């Protein structure tokens, strides 16, 4: 009668907050909705992804399938880890609800993947539109050198150049980069008036932003446009008031002003989470738990991945982030993308949402 769900996330190490947020978001879901579905108890089992390490995530998934007999897998912070698990799913008859990894093609790697996070194209196409609206003419792109960074670079170049913008520099930064000073010097030298950047949220984003400020680019009038990965709320106090004014596009802000988001923050606090630790992976986990409960109801708690996936395709609901749906073609969450600016409101640094771009699909797949 117990159905287990195996959640793989960054539970320890440099990215620990992001995996802790999967547990926070699932705990919030359970605080509201309970742990019973279709006459079964649902139990979430957590395993630690740690870092980009495909073989490790493959092995964790296989252990969860064999030893824990999970009916569903979920989580996956890093793209390469999600890619390692994807080819297992159909033979194992276990769906995977991706709660972060954001490279567009992940959903194409199995019929049994559904994604409740975001894609890089989805958030980057609005960033390029806003860059043009804000008067940028020459942009330097700097992205981490792996799947989602390459998607962000491609999306920004294509969209910005179609708007008449020029990309004057494009740097793919190794994931291991910790000293960002030389990159900042290269950007200065390029004469770009704006930077567009993505790095995975965690130490790389903190380092990049601090170098952008401390090397004087921000005060020198080189504006920063990022995806929201680069300015996650728990790092705003670590950047401090020097981060005021940084622009980003993203599908979720802790400051989102809606009744559903206010209720979600209350549930996070009631499930045991702290507000200044809340990140985007919590909302992807909360919505991913909704989809898992729907799949269990649709299948009466029996393993039947074809019926489970069919039940979530086309589903529409109001998330804490805004109105969302699962596109049946891509199995990716269609959602608003917001333009935000780092602001201080009632003594707190937040990403204030200034503009909405409604109902964005995964632009990386939508024109195929």
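Numbering follows the first chain given and starts at 1.
For the pair 158-166 and 81-89, the mean Cα B-factor is higher in 158-166. For the pair 312-320 and 35-43, the mean B factor over Cα atoms is greater in 35-43. For the set 262, 115, 134, 294, the PDB entry assigns the largest Cα B-factor to 134. The residue among 153, 229, 276, 108 whose C-alpha carries the highest B-factor in the deposited model is 276. Placement of the Cα temperature factor of residue 366 within the chain: highest third of the modelled residues, per the deposited record.
The PDB entry assigns residue 334 a C-alpha temperature factor belonging to the lowest third of its chain's modelled residues. Split the chain's modelled residues into thirds by C-alpha temperature factor. Residue 251 is in the lowest one.
Annotation for residue 54: C-alpha temperature factor in the lowest third relative to the rest of the modelled chain, per the entry. In the PDB entry, a CA B factor belonging to the middle third of its chain's modelled residues is recorded for residue 355.
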